[PDB]
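Engineer: got an experimental structure here, sequence first:
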Amino acid sequence: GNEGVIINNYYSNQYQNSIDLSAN
Amino acid sequence: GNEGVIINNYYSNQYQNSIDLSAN
Amino acid sequence: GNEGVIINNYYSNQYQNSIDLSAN
Amino acid sequence: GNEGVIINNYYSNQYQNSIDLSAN
Amino acid sequence: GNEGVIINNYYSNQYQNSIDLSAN
Amino acid sequence: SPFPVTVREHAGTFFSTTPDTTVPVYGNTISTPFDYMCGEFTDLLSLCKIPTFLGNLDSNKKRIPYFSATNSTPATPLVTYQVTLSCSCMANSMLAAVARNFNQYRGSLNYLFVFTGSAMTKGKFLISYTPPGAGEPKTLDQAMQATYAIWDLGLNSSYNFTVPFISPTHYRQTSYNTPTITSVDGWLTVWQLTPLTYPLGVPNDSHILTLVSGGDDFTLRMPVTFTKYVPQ
Amino acid sequence: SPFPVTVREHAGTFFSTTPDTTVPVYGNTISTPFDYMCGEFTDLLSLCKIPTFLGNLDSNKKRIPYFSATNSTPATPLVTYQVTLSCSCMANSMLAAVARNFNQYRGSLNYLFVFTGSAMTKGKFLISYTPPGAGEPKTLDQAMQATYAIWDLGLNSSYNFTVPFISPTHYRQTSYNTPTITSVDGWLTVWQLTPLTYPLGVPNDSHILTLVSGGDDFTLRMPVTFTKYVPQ
Amino acid sequence: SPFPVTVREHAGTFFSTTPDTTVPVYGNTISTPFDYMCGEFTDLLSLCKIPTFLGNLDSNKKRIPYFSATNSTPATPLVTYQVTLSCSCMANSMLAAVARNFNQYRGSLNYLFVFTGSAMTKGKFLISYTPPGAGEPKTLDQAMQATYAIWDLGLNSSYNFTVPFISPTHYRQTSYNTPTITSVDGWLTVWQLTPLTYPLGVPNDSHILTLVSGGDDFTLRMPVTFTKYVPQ
Amino acid sequence: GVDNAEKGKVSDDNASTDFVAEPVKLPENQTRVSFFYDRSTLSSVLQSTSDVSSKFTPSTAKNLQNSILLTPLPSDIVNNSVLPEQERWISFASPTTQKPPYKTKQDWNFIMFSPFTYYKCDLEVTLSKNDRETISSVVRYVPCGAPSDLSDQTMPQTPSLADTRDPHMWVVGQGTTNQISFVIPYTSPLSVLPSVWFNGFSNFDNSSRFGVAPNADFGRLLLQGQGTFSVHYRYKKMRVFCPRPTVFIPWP
């Protein structure tokens, strides 16, 4: 949602965004 | 018309420009 | 003459420079 | 630790960081 | 000596540096 | 070597809607696990499709979720809803609540009517949707000349009526200053075809619940902020 | 790691004609469908090729789309148009209207003449295009020494005359302060070769409609803004 | 995501000689065709190689493109040119005109002498190039001890003399404040070996045209601006 | 050669048809509609005398409002409207001079040259501060026909224009270059916009101003912060339909 950039994010995905994890 | 840049647009085509669609 | 850049011009060749054409 | 950039460092690894070496 | 950049020089080698030539 | 740059004329500008991200100052952090959760929804349209209550006027100008009907057939409609997501009539429906945050809509609208009278009460209503151009329908003769469905009471309690999307434009405005041909689309009126009929020992007035929501092919677009107001 | 940059000396400059785009603040938006549309055109040259009316002077200095001819052969041209997209004569033609927004042109020009006299009226005209250098042609003898075509009246009503592109330069200016050899290219004069002839009961004066447009190989280039003026 | 940048300490600087381009504000424009043209040259060296006139002093201190010779053999040189592209003697030659816009040169220099005396006049000249270190040659004995060529008059009118590039350095300065071993390279003197000889009825004085230009292996480098002056 | 204009169209000839000549065509494409209109042209001016952290209030001062209606056609306060609406004609600012400036806002280049009945495009807007004093402004963009939301501040000392989800821009500081530019998509509910006239009314009781189409614009721009700002429009992916006459020009 509102992600309209061609080139990949300069910052790692683990840093740019919160890391989603399942407890199970 | 007046599109003279070698490298691709930094923003997605769907964001940089209006999305053209046919109703038929 | 005085063209010392490794990476290609950011602007198209048709825009950065005048378009040379032969009338014959 | 706190290395979250996708693109490689602009400066050489030997310049950006101290050079680790073993005396043995 | 003190050349610690990963990406190549933006300016041509013939422009960035003096051109070394042998007279023989 | 350093890269030559051309600083654009908009340097330093903060674009509230730029489609790009900013610098992360606390990365490599795990988002507290929530895999056990239920009830998640990803599209606001889901909400628009949930039938919600319309606000009808009570005899004392109070707002109620239904209208009355009895053993008679008025020469005028029991209720009249102008088809605009701006109708004061649907002002507090989820449909309108969501639509207020969007610029345009398109598609079907569902008007759900639920008969709450007794099981012994019978009757027929003529629900009509009159497109604009010739004004509001003044008689049953005029109303039945437009899009309509006859609702007969019985075993099934409710009637799901659809206001077809009939428009000169592909999209229509959600609100407006003054009504235009792109923001107001006609009226939905419900008439009493046959009088509500019943035996003795039954209250003369029956209450019909009224709800609205977007239909199957209903959509909204262009996120915006509605005219602010003070709650009360 | 951060990239070293060399801020050019023109930082912050707003280039009205830079061939680049700017930041999108409301993307992922659908442009209201218009696939049903007709009449679309993509090149302004299309307009330049549509024959449009020239403004001729009435006996009372009023502007009319035609000139008169009768049972006589004047020793002077009936009309004279200087070949310049700047001619006051074609000032309100689509050709000139478009050309005003461009710096230079090249190619053929089409001067269309439509005879509106009676079906009983006959006659012949000599349409001449005189290149510059020796001034405007003073006699029929001089006019017929340059490029010309003889237009004979009859079944077909109009004559499509082409002013060949004869120039020392590949392109020519659309307008000018003072006439130069790159902005003024000669004259187009129409003479009466034989008198308009007709029987009794026919009005002595015949009206010939006059129009202009770019020819098949006509082109314009370099978008610009013309000298502004106050409408009236 | 936005890219981190390190603005160098020279931000905003306008480098007149940066090897990079700037923003195009009127692109997609065709350069008026010129394929019909002739006479194009791409290297300024071409000009340097065209023999052009040297300025010799007249008996009234006036500047002329030649020197005189007669029936005698002076004990001193007829003309003396110091080999420097700075010589006032070649100040108006194309060679010097071009060299003034460059910092250093290297290679051969061609001194062209054209005998303009009568066909009946004969004689021999000794053209000498004396490298520096021991000063200017004072006698024919000294001049002929350096690089020289004997020019004999006859059927062929001119003599193409080359001043060999003899230097302690690979390149030599085009101009100077004070003469140094890298800006001044000796002298070229032309002597009368045998007297100009002729029959009766022939003017005693013969005129020898003098020209200079860069030789086959002559080059210039480093574009610069020469000391400005007021034309007159 | 001969022809018949009554047909509705005649041939496009070159010198070879009637004379001993050759075509002289040279490639050229600067006449393409998209290219021609893809450049910034002055189209409006805006003025504000209230600071950033305050409640935005519609105002006019010597024919300059602090909000704009995004349309190349003439726009201005019409019959005491709260915000600028599209006009049907242009008027001089001065009641005497009989000379421009006009009191109405528009892209003069578009009005003077729009040989088409309908047009479609995206809009690149540029907003520039008329003097070198450090900028400090907030601009709110409202999509075509969407609520203006001219409400009070919900929190003290904050720019009310920024109190929205609508696209808005905020520029301030000595690091900035006193301008703003961005591109917005076509947002009108109409398929194509009328470029000159609209032969009709916009409401069902036909009481609106005949000649003006409903929602024929690209939205609006509300501005707060000190200063006067000039506005430019650049027509992206411009498409035009149905050729029509250009504005008449006085006979020389």
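Structural biologist: Perfect, thanks for sending it. Numbering: from 1, shown residues only, chains lettered A, B, ... in the order given.

Engineer: enumerate the residues of the stretch 101-250 of chain I near chain B.
Structural biologist: With the criterion set to CB under 8 Å from any CB of the partner chain, the stretch 101-250 of chain I comes near chain B through I:122, I:183, I:185-186, I:236-238. Just so you know, the C-beta spots here come from the backbone N, C-alpha and C atoms, and that holds for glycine as well.

Engineer: return the member of those nearest to chain C.
Structural biologist: Of all these, residue I:236 has the smallest distance to chain C: 16.5 Å, by CB to the nearest CB.

Engineer: the closest one: neighbouring residues, count only.
Structural biologist: Using other CB atoms under 10 Å in any protein chain shown, the number of residues around residue I:236 comes to 25.

Engineer: what ranges do the helices span in chain F?
Structural biologist: Taking DSSP state H to define them, one finds helices in chain F at F:45-48, F:94-99, F:140-143.

Engineer: show me how far the last one is from its chain's centre.
Structural biologist: The gap between the average C-alpha position of helix F:140-143 and the chain average comes to 24 Å, counting by CA atoms, centre = their mean, to the nearest Å.

Engineer: show residues contacting it.
Structural biologist: With contacts defined as CB atoms under 8 Å, 6 or more residues apart in numbering or on different chains, helix F:140-143 is touched by F:75, F:77, F:126, F:128, F:130, F:137, F:189, F:191, F:193.

Engineer: state the distance from residue I:188 to chain H.
Structural biologist: In this view, residue I:188 and chain H are 30 Å apart by CB to the nearest CB, to the nearest Å.

Engineer: quick one on the thing from earlier: out of the contacts of helix F:140-143, flag the one nearest to residue H:51.
Structural biologist: For those, the closest approach to residue H:51 (CB to CB) belongs to residue F:130, at 99.9 Å.

Engineer: JSON lines for the residues of the stretch 101-250 of chain I next to chain B, including secondary structure and distance to chain F?
Structural biologist: As requested, those are exported to JSON lines (DSSP: H, G, I helix; E, B strand; the rest coil; distance: CB to the nearest CB, whole Å):
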{"residue": "I:122", "secondary structure": "strand", "distance to chain F": "14"}
{"residue": "I:183", "secondary structure": "strand", "distance to chain F": "11"}
{"residue": "I:185", "secondary structure": "coil", "distance to chain F": "9"}
{"residue": "I:186", "secondary structure": "coil", "distance to chain F": "11"}
{"residue": "I:236", "secondary structure": "strand", "distance to chain F": "16"}
{"residue": "I:237", "secondary structure": "strand", "distance to chain F": "18"}
{"residue": "I:238", "secondary structure": "strand", "distance to chain F": "21"}
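
Engineer: tally up the residues packed near the residue lying closest to residue F:17 once chain neighbours are set aside, please.
Structural biologist: Using CB to CB, 6 or more residues apart in numbering or on different chains and skipping the chain neighbours, the partner closest in space to residue F:17 is residue I:167 (4.1 Å). Applying other CB under 10 Å, we find 23 residues neighbouring residue I:167.

Engineer: most neighbours out of the contacts of helix F:140-143, which is it?
Structural biologist: Ranked by neighbours (other CB under 10 Å), the contacts of helix F:140-143 are led by residue F:128, which has 26 neighbours.

Engineer: can I assume residue I:252 is in contact with residue G:89?
Structural biologist: No - when contacts are counted by CB atoms under 8 Å, residue I:252 is not listed as touching residue G:89 (9.1 Å).

Engineer: quick one: which of those two has more around it?
Structural biologist: Set residue I:252 next to residue G:89 and count neighbours by other CB under 10 Å: residue G:89 wins out with 23 against 9.

Engineer: distance check, that one against residue G:211.
Structural biologist: Separation of residue G:89 from residue G:211 (CB to CB, to the nearest Å): 11 Å.

Engineer: which residues do these two both contact?
Structural biologist: Common neighbours of residue G:89 and residue G:211, using CB under 8 Å, 6+ apart, are residue G:54.

Engineer: please name the nearest non-neighbouring residue to residue F:224.
Structural biologist: residue I:146 is the one closest to residue F:224 (CB to CB, 6+ apart), at 4.5 Å.

Engineer: oh, I was asking about residue I:172
Structural biologist: In space, residue I:172 is closest to residue I:136, 4.2 Å off (CB to CB, 6+ apart).

Engineer: hmm, the one you found is touching residue I:52, no?
Structural biologist: Yes - counting by CB under 8 Å, residue I:52 is a contact partner of residue I:136 at 5.6 Å.

Engineer: quick one: common contacting residues for the two?
Structural biologist: I:172, I:225.

Engineer: pull up the residues of chain F that are close to chain E.
Structural biologist: Contact residues, chain F versus chain E (CB under 8 Å from any CB): F:1-4.

Engineer: can you put these in a markdown table and add neighbour count and distance to chain C?
Structural biologist: As requested, the residues of chain F next to chain E are arranged in a markdown table below (neighbours: other CB atoms under 10 Å in any protein chain shown; distance: CB to the nearest CB, whole Å):
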| residue | neighbour count | distance to chain C |
| --- | --- | --- |
| F:1 | 15 | 9 |
| F:2 | 19 | 12 |
| F:3 | 14 | 9 |
| F:4 | 18 | 9 |
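
Engineer: am I right that residue A:15 falls within a helix?
Structural biologist: Yes - the assignment for residue A:15 by DSSP: H, G, I helix; E, B strand; the rest coil puts it in a helix.

Engineer: since we're on it, how many residues are nearby?
Structural biologist: For residue A:15, using other CB under 10 Å, the count is 22.

Engineer: same check on residue I:108?
Structural biologist: 17.

Engineer: any idea how far the closest residue to it other than its chain neighbours is from residue I:115?
Structural biologist: Distances taken as CB to CB, 6+ apart put residue G:228 closest to residue I:108, at 6.9 Å, once the chain neighbours are dropped. Distance, residue G:228 to residue I:115, using CB to CB: 18 Å.

Engineer: who has more neighbours out of these two?
Structural biologist: residue I:115 (24 against 9).

Engineer: which ones are touching the more buried one?
Structural biologist: Neighbouring residues of residue I:115 by CB under 8 Å, 6+ apart: G:44, G:47, G:94, G:97-98, I:240, I:243-246.

Engineer: what's the distance between it and chain E?
Structural biologist: 46 Å.
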